[PDB]
Each structure stands twice: as structure tokens, then as C-alpha cells.
């Protein structure tokens, strides 16, 4: 069978996606231990406010997005709760083809169905590609900020 190509599926990560997801995520956060990633998957799966999305193509995972629902203050946002995009990543060899586009779309649709008026997100200044992408997908830059931590 050849006149076509071979479909891509954006699916919500359930437990049978845990290794595909872990595999891609190790490349978004190289520095976060396999154990850590596993812990996270468990947490995500079970939580009402956490969701992930995997973009499967011909039985393999080529991109994912990590969304959460924020009930706290959220830089540049007017309403609550907010659908935040915590992490999105598409295998190099599949970028600029609308994958992250669909992934982000499925993170919006999830957050809409969960009450969220706005889909927030964030990126690093050194991340120009990320910055552009956000703009291309209709995200408006709201504010830039510096964060601090102090132990209690």
C-alpha cells in the first residue's frame, strides 16, 4: 500500500507509553535520572491535573508534550486555572512538520475541557527556536522575569 504516507497519532500518555515517553524525555531533560523520569510518569498518570501527550508515528514515539493545570498565580495570565505547557519536544528528524503544533493543540483541548481560559507556557532566552515556535503557534509573549529561591 503506497499512494499515501503513514499516519501520526497524538495520544494521551497512558501506562503502555511510559517507555516511549521516558525515551524522548531523556532528551528534553538529560540530567534527570531514569528513576526520576519513571517516578514522574507514575505521578503524571495518576494525577487529575497532570497530563502528557505522545505523538506516535508508525508504532514509534517521535514527540511528546508535558501539560499541567496550574491553580496558582501564573505570570502574564488573567484567569485561573491555566493550562501550562511544561515541556514539549519532537525528535530532531521530525521537526518543522506540525508535530509540536498538534501536540500543543491536544494540550489545549485537554486544558479547555478542564476549565482553562488560557494556555500559558515558558521558555529560556537562549532558546530562540522555542521563542519563534511559540510565536508561530499563536502564543503572545506576556512577560519576562527573573526567579529566585531561598531555603526556609
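Numbering follows the first chain given and starts at 1.
inquiry  = For at least a third of the other PDB entries compared, is residue 64 missing from the model even though its neighbours are present?
reply    = Residue 64: modelled in all of the comparison entries.
query = Among the other compared PDB entries, is residue 32 dropped in a third or more?
reply = Yes, left without coordinates in at least a third.
request  = Read off the CA B-factors in the entry, average them over 84 to 92 and over 27 to 35, and name the higher stretch.
outcome  = The stretch with the larger mean CA B-factor is 27 to 35.
ask   = Can you tell me which stretch has the higher mean Cα B-factor, 61 to 69 or 116 to 124?
value = If you average the C-alpha B-factors of 116 to 124 and of 61 to 69, the larger mean comes out for 116 to 124.
request  = Within this chain's modelled residues, let me know which third the CA B factor of residue 45 belongs to: lowest, middle or highest.
outcome  = As the PDB entry reports it, the C-alpha B-factor of residue 45 lands in the highest third of its chain.
query = residue 146's Cα B-factor: lowest, middle or highest third of the chain?
reply = It falls in the bottom third of the chain.
Chain third (lowest, middle, highest) by recorded CA B-factor, residue given as residue 130 = Bottom third by C-alpha B-factor.
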